Amino acid sequence: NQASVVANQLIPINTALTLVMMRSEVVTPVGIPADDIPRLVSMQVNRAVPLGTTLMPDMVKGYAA
């Protein structure tokens, strides 16, 4: 049902998110909702996020729904 943000490339640690890094997919478990992609632009991740990984709230510095 619900789509989440998934890494479209490896996202390195302490690197600001851009649109080319984030795709939407229906995955389980559910992560950050796909609708939040625009909000995530320029926010940094606190760990490296491998290709195909679902972005979870705890991975993004400053993220609160």
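The rules behind each value
All residue numbers start from 1 on each chain and follow the order of its written sequence rather than the entry's numbering, and residues without coordinates are excluded. Only hydrogens and water are set aside when side-chain values are computed; all heavy atoms of the structure are taken into account. UniProt positions are given in the numbering used here, feature names are shortened, and annotations may be inferred rather than shown by experiment. Think of it this way: any DSSP run of H or I at least four residues long counts as a helix, any run of E at least two long counts as a strand, and we number them from the N terminus. Throughout, a contact is declared for two residues whenever any of their heavy atoms are within 4.5 Å.

- Under the PDB entry, the name given to the protein is Type-3 ice-structuring protein HPLC 12, and the organism recorded is Zoarces americanus.
- This deposition appears in the PDB under the title "Neutron structure of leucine and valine methyl protonated type III antifreeze".
- Under the UniProt heading Function, the note attached to the protein is "Contributes to protect fish blood from freezing at subzero sea water temperatures. Lowers the blood freezing point. Binds to nascent ice crystals and prevents further growth."
- Entered under Sequence similarities in the UniProt record, the comment concerning the protein runs "Belongs to the type-III AFP family."

**Details of the side chain of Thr54**
Okay, so step 1: Within the secondary structure, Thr54 is located in the segment after helix 1 (37-40).
Okay, so step 2: The contacts of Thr54, once residues within four sequence positions are left out, are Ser4, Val5, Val6, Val27, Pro29, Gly31 and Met59.

**Brief notes about the environment of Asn1**
Okay, so step 1: Examined against the element boundaries, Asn1 turns out to sit in the segment before strand 1 (4-7).
Okay, so step 2: Considered as a pair, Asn1 and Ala16 are 15 residues apart in the sequence and their alpha carbons are 28 Å apart.

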